[PDB]
Amino acid sequence: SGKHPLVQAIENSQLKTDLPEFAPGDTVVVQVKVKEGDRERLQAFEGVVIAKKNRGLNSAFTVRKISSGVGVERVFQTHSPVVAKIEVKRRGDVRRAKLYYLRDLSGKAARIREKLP
Amino acid sequence: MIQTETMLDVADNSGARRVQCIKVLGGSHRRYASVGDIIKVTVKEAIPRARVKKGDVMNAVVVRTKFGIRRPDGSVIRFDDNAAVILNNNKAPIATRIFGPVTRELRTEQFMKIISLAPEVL
Amino acid sequence: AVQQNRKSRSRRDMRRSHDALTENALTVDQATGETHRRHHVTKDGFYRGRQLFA
Amino acid sequence: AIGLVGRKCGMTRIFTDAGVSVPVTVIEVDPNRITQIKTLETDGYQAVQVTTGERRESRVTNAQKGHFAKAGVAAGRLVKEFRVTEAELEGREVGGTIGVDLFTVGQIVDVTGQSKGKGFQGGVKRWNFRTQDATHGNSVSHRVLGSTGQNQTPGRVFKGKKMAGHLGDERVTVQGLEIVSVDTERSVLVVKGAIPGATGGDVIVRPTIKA
Amino acid sequence: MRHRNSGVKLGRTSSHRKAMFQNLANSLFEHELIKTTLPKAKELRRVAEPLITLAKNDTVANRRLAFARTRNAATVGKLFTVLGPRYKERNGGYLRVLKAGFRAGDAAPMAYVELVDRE
RNA sequence: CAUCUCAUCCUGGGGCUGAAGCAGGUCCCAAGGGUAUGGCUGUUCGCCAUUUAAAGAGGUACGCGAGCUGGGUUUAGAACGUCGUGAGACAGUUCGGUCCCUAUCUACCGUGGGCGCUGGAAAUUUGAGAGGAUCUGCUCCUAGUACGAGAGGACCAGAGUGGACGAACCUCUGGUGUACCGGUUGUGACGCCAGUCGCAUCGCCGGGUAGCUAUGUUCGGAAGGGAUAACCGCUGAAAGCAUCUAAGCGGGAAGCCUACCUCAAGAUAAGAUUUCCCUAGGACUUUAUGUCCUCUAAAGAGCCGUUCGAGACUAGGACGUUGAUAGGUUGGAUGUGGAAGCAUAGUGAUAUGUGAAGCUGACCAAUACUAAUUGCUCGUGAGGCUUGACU
RNA sequence: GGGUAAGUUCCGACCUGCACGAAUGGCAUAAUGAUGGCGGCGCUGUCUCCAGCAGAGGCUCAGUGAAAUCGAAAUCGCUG
RNA sequence: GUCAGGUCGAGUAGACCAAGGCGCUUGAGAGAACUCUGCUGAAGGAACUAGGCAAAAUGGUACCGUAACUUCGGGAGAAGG
RNA sequence: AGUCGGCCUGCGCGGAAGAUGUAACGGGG
RNA sequence: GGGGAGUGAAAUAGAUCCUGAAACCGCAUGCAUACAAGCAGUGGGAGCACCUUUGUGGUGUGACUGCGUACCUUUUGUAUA
Ligand SMILES: [Mg+2]
Ligand SMILES: [Mg+2]
Ligand SMILES: [Mg+2]
Ligand SMILES: [Mg+2]
Ligand SMILES: [Mg+2]
Ligand SMILES: [Mg+2]
Ligand SMILES: [Mg+2]
Ligand SMILES: [Mg+2]
Ligand SMILES: [Mg+2]
Ligand SMILES: [Mg+2]
Ligand SMILES: [Mg+2]
Ligand SMILES: [Mg+2]
Ligand SMILES: [Mg+2]
Ligand SMILES: [Mg+2]
Ligand SMILES: [Mg+2]
Ligand SMILES: [Mg+2]
Ligand SMILES: [Mg+2]
Ligand SMILES: [Mg+2]
Ligand SMILES: [Mg+2]
Ligand SMILES: [Mg+2]
Ligand SMILES: [Mg+2]
Ligand SMILES: [Mg+2]
Ligand SMILES: [Mg+2]
Ligand SMILES: [Mg+2]
Ligand SMILES: [Mg+2]
Ligand SMILES: [Mg+2]
Ligand SMILES: [Mg+2]
Ligand SMILES: [Mg+2]
Ligand SMILES: [Mg+2]
Ligand SMILES: [Mg+2]
Ligand SMILES: [Mg+2]
Ligand SMILES: [Mg+2]
Ligand SMILES: [Mg+2]
Ligand SMILES: [Mg+2]
Ligand SMILES: [Mg+2]
Ligand SMILES: [Mg+2]
Ligand SMILES: [Mg+2]
Ligand SMILES: [Mg+2]
């Protein structure tokens with residue numbers, strides 16, 4: 001809503017309608033459409049949301065996982081059709097909006113507390 | 001974004017631990033090597049009993065960068081390290097084990113083996 | 001850093017040919033007959049039929 | 001070739017069904033009104049003069065008032081000419097309108113606009129000059145030009161020497177852009193890529209001349 | 001470049017600038033008519049009018065916000081007892097800025113800032 | 001930071017070959033573009049390492065210190081070897097050792113004012129001309145074909161994807177974001193508790209909206225036409241033959257002219273089109289675009305104001321009440337991350353609820369609340385003459 | 001020979017010492033040195049390659065008001 | 001040469017304050033290049049350069065631990081945790 | 001049906017590549 | 001600081017006071033000057049203005065045009081950069 005109404009009307013015709021309510025600190029599974037040529041399949045990318053940007057069609061969220069000993073960060077565009085599905089496994093209890101400090105912790109130090117009703 | 005003097009982790013079992021890029025190949029005045037680019041390296045650290053010795057000038061291919069790869073949908077994929085895989089004189093991977101994940105930009109005829117041996121292909 | 005010849009008086013005047021001043025925009029106020037600078041308050045505190053410091 | 005006059009409304013993205021994200025610029029196209037047609041017998045060249053937008057009547061001089069009243073159009077905020085050919089002038093006529101449906105999806109176009117003005121700029125920003133060393137005994141010259149010539153032959157500075165000066169705010173054409181969408185109900189073009197200027201600036205869209 | 005940027009500098013650090021506009025707003029709320037330089041007067045709108053908008057509703061949290069932005073207890077009292085109630089149904093525009101010639105020692109252009117329904 | 005030459009390093013076009021193909025050797029034409037990063041050394045050079053299509057040769061005060069540096073060399077200190085009785089010295093070596101100038105003129109890069117342009121004005125333009133750009137790799141296909149004993153391995157033509165360079169832009173990815181939010185140390189103050197301000201590099205730390213920006217994103221060097229270089233000709237005499245040449249007719253290059261982009265009528269040859277404005281009286285002779293007096297003040301321009309994604313100042317763009325130009329207000333969006341107060345639990349630090357709350361520069365949209373005035377100045381009164389055409 | 005992918009420097013050797021050498025001392029030496037040379041870890045805008053921001057000048061306005069220089073100037077280019 | 005308070009502090013270091021004294025005798029705008037002085041900076045990390053010049057970095061207290069070599073004192077706050 | 005190739009000479013041709021701009025008739029020509 | 005008035009033979013003899021030069025700096029009038037390249041003059045020369053005259057006159061200016069690289073010193077020789 002920081003844009004002109006015409007840009008808004010254009011970018012609102014392609015918003016996704018069913019997105020889960022996730023916040024930074026939540027562990028999520030993102031299904032990603034992969035094309036190995038003619039084959040179409042889903043890949044699961046599971047990790048902690050460390051950043052979440054709210055811009056309507058320009059929204060995004062960063063997910064950090066630790067695969068095979070190596071840290072991987074993936075930024076997903078929320079309304080991209082390659083994001084087939086987002087599933088919230090567990091919710092975290094953080095005190096900031098960006099958990100960039102997790103980039104410098106490992107293992108026991110990088111644990112996030114679980115949010116409980 | 002690998003340039004000359006960058007140090008890389010070796011993402012295979014060829015015997016090297018640390019390498020250092022001394023040339024970005026494929027064009028005059030070429031500055032950087034991204035994931036999938038071929039690189040001239042020198043071996044800085046090696047395991048004691050290996051096929052690769054410290055001081056060897058070799059080829060390698062970049063498989064992980066901290067700067068990240070763009071995807072057509074607008075995504076970035078970043079890794080916590082820079083990693084390369086040593087190759088032959090004719091640009092073929094000399095490894096039998098790949099460590100850590102890799103990306104699908106390596107899905108070509110020459111690097112098929114790297115994909116087949118990787119524990120995870122992002 | 002410095003001139004090699006003294007500049008003639010004619011070139012000095014030709015340089016100053018752009019130095020002239022302009023008059024200001026003055027209007028006669030109708031509520032006081034006064035002359036003031038346009039869009040400015042008068043020195044008596046009047047502006048467009050309104051008074052400051054009665 | 002006849003084109004459109006629009007306004008850069010801003011940038012967005014369009015997601016394709018295959019997941020590709022496409023950076024796009026939205027051009028708002030108030031339907032252009034043909035004010036004049038220039039032919040060979042009267043002007044010495046063929047062109048279509050068109051107006052778009054609106055201008056309040058107190059900002060329209062009497063000359064332009066009569067020039068718009070001769071045609072059957074209302075005063076716009078700017079008037080522009082397009083150099084055309086015959087057989088590109090068949091159903092064109094004064095008082096007619098040239099709308100957004102003159103373009104097709106996938107058609108390649110050139111967009112002309114006025115680039116953003118950066119004011120007075122030095123060699124580094126304006127000519128990609130290299131800076132001198134920041135700290136190795138370097139004196140008070142880091143972003144300066146360096147040498148501007150040679151010694152006593154020629155004993156002058158050559159014309160076209162790249163120096164500091166005013167940068168930007170020029171007329172720029174980007175060729176080879178693709179029409180991503182033609183919304184005729186919103187009177188909007190959506191083109192792939194970046195177009196010169198700031199949001200709200202005037203842009204000319206023409207069919208590509210490279211062909 | 002300065003494209004779309006808001007705010008002034010006036011040859012002061014941001015601490016000095018914040019302090020000086022605090023002082024100016026206190027002075028204006030106390031006298032309701034002051035004479036200052038024209039650029040200072042034009043930036044004083046963006047500082048002093050949100051204070052009145054804040055003082056329209058009288059809560060302890062609002063009075064504490066007003067004190068944090070003015071650090072003057074008499075200014076807060078006057079905002080919430082006089083100036084707030086006065087401009088209750090006025091939608092902005094509580095200040096009036098009028099150009100007032102030039103300073104003698106400076107030739108700096110001047111302006112009067114006054115409150116709208118004062119006196 | 002350059003600019004030129006061509007005796008060409010690559011790329012382009014050819015002749016010959018001890019030219020099978022691939023690849024070379026050599027000569028001719030060709031200066032459009034391009035033409036490494038490092039280790040050593042004060043080095044230029046050179047050697048080496050690894051690239052590249054290539055890592056050209058030169059001129060320019062061995063281009064460039066009123067642009068930078070000061071490692072070498074060539075002041076004064078000191079030492080070694082050597083020479084000298086010595087003061088001292090060097091076919092030498094070693095450690096250390098102040099780099100001034102606010103730019104008048106020319107030049108150059110930008111940006112204005114004046115006047116001119118055969119009455120004035122507001123627009124839109126033509127293009128004489130000028131500048132910019134001009135590079136190239138690899139893969140696939142043709143085709144494992146032509147060629148070759150095999151090995152190997154094409155021309156021509158097509159498609160794709162790169163490097164370097166350039167431009168624009170900020171949707172994305174990031175950076176910054178000292179007027180946005182939060183945490184926290186010390187100290188002082190607000191009477192005090194609470195709350196929250198000042199100062200400590202923005203105190204420090206963590207995020208971050210616009211704008212700007214690259215490392216981000218898109219685009220560019222496409223195709224064509226004309227005249228040619230070397231070269232290849234056709235027909236053809238001089239010279240019964242031959243012969244590209246004398247007559248005549250062709251082909252032919254990254255080069256030339258166009259073509260693409262930008263500027264451009266101070267192009268004084270000052271161009272074109274559309275529209276708009278001005279139609280009053282007298283007197284006096286120097287009898288002529290003559291002078292003075294009265295009446296007139298247009299189209300429009302400027303001053304001034306609110307301003308701007310425009311800007312050093314300018315200029316340029318928008319608006320000035322019959323108005324959204326700026327601010328404010330309202331709503332939204334965003335960012336931050338759970339305000340204060342109160343309650344509750346706890347010995348307390350603290351936690352929870354009220355409530356994703358509170359606050360939120362620069363954004364979007366509405367909204368005359370504040371400020372853009374009632375004005376003034378400039379710009380005139382139908383635009384000389386001579387010919388020729390229509391009238 | 002070592003060190004580096006690559007070392008005119010460095011270190012260890014060799015001895016062909018142009019032209020070392022024993023109180024103008026020879027060869028070593030713990031500690032010490034704002035001492036000379038070389039190498040490494042960390043760290044970095046030193047750099048690739050620069051971007052943003054803050055303050056102070058620069059710029060505009062008001063006030064005050066220098067300097068060196070200077071035969072006189074109606075003070076362009078190119079080729080000679 | 002003398003005096004020299006508070007909080008914390010080993011301190012006459014330092015941060016903020018008291019008593020006391022001051023705002024440094026041109027200002028106002030604007031917020032271009034360029035210069036100076038700072039702050040931050042993706043990826044890399046000496047490839048810079050004559051030379052890591054300059055910057056960045058380290059940094060307190062207690063405890064553990066500390067090599068070669070040595071003139072037996074050191075080295076040594078070695079290093080590091 | 002004239003043709004061949006030797007001399008001696010007048011005037012021409014090639015041999016003939018450079019760096020700011022034609023630039024080796026002062027220029028137009 | 002000045003304008004009058006007054007004094008004085010005189011006040012552009014008024015105290016920065018006899019005379020009051022030049023450089024240098026104003027204002028007024030006439031003519032020239034915004035398509036044109038250089039030691040700034042010289043030879044010619046239209047036009048305009050003002051005086052006068054019945055001028056083949058005078059005074060100012062100078063469109064256009066041919067020619068034309070200061071002076072001194074020192075030198076074999078200097079526009080000499
Ligand atoms: Mg004069
Ligand atoms: Mg200095
Ligand atoms: Mg400096
Ligand atoms: Mg703004
Ligand atoms: Mg100042
Ligand atoms: Mg501060
Ligand atoms: Mg040649
Ligand atoms: Mg070298
Ligand atoms: Mg030189
Ligand atoms: Mg030296
Ligand atoms: Mg961006
Ligand atoms: Mg940003
Ligand atoms: Mg308290
Ligand atoms: Mg203090
Ligand atoms: Mg708001
Ligand atoms: Mg708080
Ligand atoms: Mg070295
Ligand atoms: Mg000796
Ligand atoms: Mg002896
Ligand atoms: Mg002796
Ligand atoms: Mg080294
Ligand atoms: Mg001249
Ligand atoms: Mg010359
Ligand atoms: Mg102290
Ligand atoms: Mg960095
Ligand atoms: Mg980093
Ligand atoms: Mg180096
Ligand atoms: Mg170097
Ligand atoms: Mg240092
Ligand atoms: Mg430091
Ligand atoms: Mg006298
Ligand atoms: Mg006298
Ligand atoms: Mg003239
Ligand atoms: Mg002599
Ligand atoms: Mg001599
Ligand atoms: Mg002579
Ligand atoms: Mg002389
Ligand atoms: Mg001279």
Side-chain angles (χ1 to χ4, degrees), chain A residues 1-3 58 96-98, chain B residues 1 3-6 22-23 26-31 40 42 57 66-67 70 74 76, chain C residues 1-8 18 25 27 30 38-39 48, chain D residues 11-13 21 23 36 42-45 49 61-64 66-67 70 79 81 115-117 119-122 132 134-141 143-154 156-158 161 163-166 169 171-176 193-194 196 198 210, chain E residues 1-7 9 13-14 37 39 45 49 60-61 64 68 71 90-93 95-97 106-108:
Chain A
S1 163
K3 319 284 195 188
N58 289 310
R96 46 217 59 249
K98 304 276 178 303
Chain B
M1 271 180 88
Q3 40 168 287
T4 304
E5 307 273 272
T6 291
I22 64 174
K23 190 70 67 192
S28 101
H29 288 110
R30 187 172 184 171
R31 283 182 192 93
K40 209 69 175 177
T42 173
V57 162
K66 291 208 226 158
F67 185 76
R70 311 290 314 260
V76 270
Chain C
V2 70
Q3 62 188 20
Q4 263 198 23
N5 290 276
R6 68 184 285 169
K7 177 175 302 277
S8 81
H18 286 285
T27 72
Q30 298 308 62
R38 181 163 187 74
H39 302 273
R48 285 184 74 190
Chain D
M11 263 190 106
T12 326
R13 87 215 292 184
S21 149
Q36 207 189 334
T42 304
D43 298 65
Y45 70 106
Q49 182 196 87
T61 64
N62 218 33
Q64 298 315 115
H67 174 71
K70 184 182 180 167
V79 166
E81 284 189 20
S115 60
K116 288 174 145 187
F120 200 128
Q121 295 301 335
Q132 285 160 54
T135 70
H136 266 287
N138 187 274
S139 291
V140 284
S141 50
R143 298 174 69 89
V144 309
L145 292 187
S147 192
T148 61
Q150 296 78 37
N151 197 341
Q152 132 135 77
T153 289
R156 63 184 165 115
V157 171
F158 281 138
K161 171 88 187 75
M163 301 167 107
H166 177 228
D169 200 11
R171 175 197 152 100
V172 192
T173 298
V174 188
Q175 311 184 302
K210 294 294 163 143
Chain E
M1 281 158 283
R2 198 211 45 80
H3 292 161
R4 322 275 277 162
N5 282 3
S6 265
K9 293 182 179 292
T13 61
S14 43
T37 66
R45 288 171 308 172
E49 294 187 71
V60 171
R64 288 189 180 182
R71 298 300 297 191
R90 178 177 296 272
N91 296 327
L95 272 43
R96 170 182 284 119
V97 172
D106 222 2

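Chain letters run A, B, ... following the sequence lines, proteins first, then strands; residues in each count from 1. Atoms considered below: every heavy atom in the structure, side chains included; atoms not considered: hydrogens, waters and symmetry mates.
If you check H:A30 for Watson-Crick or wobble pairing at under 3.5 angstrom, you find it has no partner at all. In a base pair of the Watson-Crick type (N1 to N3 plus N6-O4 or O6-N4) or a G-U wobble (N1-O2 and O6-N3), with each distance short of 3.5 Å, F:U367 is matched with F:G328. As the counterpart of F:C249, F:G233 is assigned, both hydrogen-bonding distances of the Watson-Crick or G-U wobble pattern falling under 3.5 Å.
Phosphate proximity of F:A310 to E:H3: present, with a side-chain N or O under 4.0 Å from OP1 or OP2. At the phosphate of G:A54, OP1 or OP2 sits under 4.0 Å from a side-chain N or O atom of E:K9. A close approach under 4.0 Å does occur between a side-chain nitrogen or oxygen of C:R6 and OP1 or OP2 of G:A72. OP1 or OP2 of H:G31 lies within a sub-4.0 Å distance of a side-chain N or O belonging to E:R2. Contact check, D:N151 against F:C64: a side-chain N or O comes under 4.0 Å of OP1 or OP2. For the pair E:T13 and G:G55, the criterion of a side-chain N or O lying under 4.0 Å from OP1 or OP2 is not met. The phosphate of F:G328 has neither OP1 nor OP2 within less than 4.0 Å of any side-chain N or O from E:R96. Using a 4.0 Å cut-off, some side-chain N or O of D:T173 falls inside it from OP1 or OP2 of F:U262. Contact annotation: D:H166 does not reach the phosphate of F:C109 (side-chain N/O to OP1 or OP2, under 4.0 Å). Close to G:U75, at under 4.0 Å from its OP1 or OP2, lies no side-chain N or O of C:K7. The side chain of D:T61 contributes no N or O atom lying less than 4.0 Å from OP1 or OP2 of F:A122. Note on D:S139: every side-chain N or O is 4.0 Å or more away from OP1 and OP2 of F:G67. Note on D:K116: a side-chain N or O is less than 4.0 Å away from OP1 or OP2 of F:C212. Taking 4.0 angstrom as the limit, E:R71 places none of its side-chain polar atoms (N or O) nearer than this to OP1 or OP2 of F:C190.
The side chain of E:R4 sits closest to F:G211 out of H:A46, F:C172, F:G211. Out of H:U35, F:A122, F:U171, the shortest distance to the side chain of D:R143 is found at H:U35. In this structure, the nucleotide among F:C172, F:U50, F:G195 sitting nearest to the side chain of A:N58 is F:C172. Residue D:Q132 has its side chain nearest to F:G67 when only F:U173, G:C70, F:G67 are considered. Taking every side-chain heavy atom of B:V57 into account, F:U50 is the closest of F:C172, F:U50, F:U321. Nearest to the side chain of A:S1, among F:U124, F:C364, F:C169, sits F:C364.
For the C1' atoms, the distance from F:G183 to F:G338 is 14 Å, rounded to whole Å. As rounded to the nearest Å, F:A301 and F:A272 have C1' atoms that lie 25 Å from one another. Rounded to a whole angstrom, the distance from the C1' atom of F:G166 to that of F:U134 is 12 Å.
The distance between atom CZ of B:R31 and atom P of G:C49, rounded to the nearest whole Å, is 4 Å. Rounded to whole Å, the distance from CD on D:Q36 to P on F:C276 is 13 Å. In this structure, the NZ atom of B:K40 is 14 Å from the P atom of G:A5, given to the nearest Å. To the nearest angstrom, P of F:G174 lies 10 Å from CZ of B:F67.
In J:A36 the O4'-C1'-N dihedral to the base is within 90° of 0, which defines a syn nucleotide. Taking the syn range as angles within 90° of 0, the glycosidic angle of J:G44 is outside it, so the base is anti. Glycosidic conformation of F:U74: syn, with the torsion inside 90° of 0. F:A7 adopts a syn glycosidic conformation, its chi angle falling within 90° of 0. In this structure, H:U40 shows a glycosidic angle more than 90 degrees from zero, which is the anti conformation.
Stacking status of F:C244 with F:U245: not stacked, per the base-ring test of centres under 5.5 Å and planes under 30°. For the consecutive pair F:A143/F:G144, the pyrimidine-type rings do not sit with centres less than 5.5 Å apart and planes less than 30° apart, so they do not qualify as a stack. Base stacking between strand neighbours F:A270 and F:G271 is absent under the criterion of six-membered ring centres closer than 5.5 Å and ring planes inclined by less than 30 degrees. Stacking check, F:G65 with F:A66: criteria not both met, so the pair falls outside the 5.5 Å centre and 30° angle limits. Base stacking between strand neighbours F:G221 and F:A222 is absent under the criterion of six-membered ring centres closer than 5.5 Å and ring planes inclined by less than 30 degrees.
Stacking between D:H136 and the base of H:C48 is absent under the criterion of ring centres within 5.5 Å and planes under 30 degrees.
Residues F:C376 and F:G67 show neither Watson-Crick nor G-U wobble pairing with both defining distances under 3.5 Å. Taken together, J:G60 and J:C25 do not qualify as a Watson-Crick or G-U wobble pair under the 3.5 Å criterion applied to both distances. Entry note: F:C95 and F:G186 fail the pairing test, Watson-Crick or G-U wobble at under 3.5 angstrom for both distances. A Watson-Crick or G-U wobble pair joins F:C342 and F:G353, with the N1-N3 or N1-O2 distance and the second distance both under 3.5 Å.
The base of F:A2 sits within donor-acceptor range of the side chain of D:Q150, with an N or O pair under 3.5 Å.
Put simply, the side chain of D:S139 never gets that close to the backbone of D:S141: no donor and acceptor are under 3.5 Å apart. A donor-acceptor pair is defined here as one N or O able to donate and one able to accept, closer than 3.5 Å; such a pair exists between the side chain of E:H3 and the backbone of D:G117. D:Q175 contributes no side-chain N or O that, together with a main-chain N or O of D:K210, makes up a donor-acceptor pair within less than 3.5 Å.
In terms of the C1'-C2'-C3'-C4' torsion, G:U9 has a north-puckered sugar. The angle is above zero.
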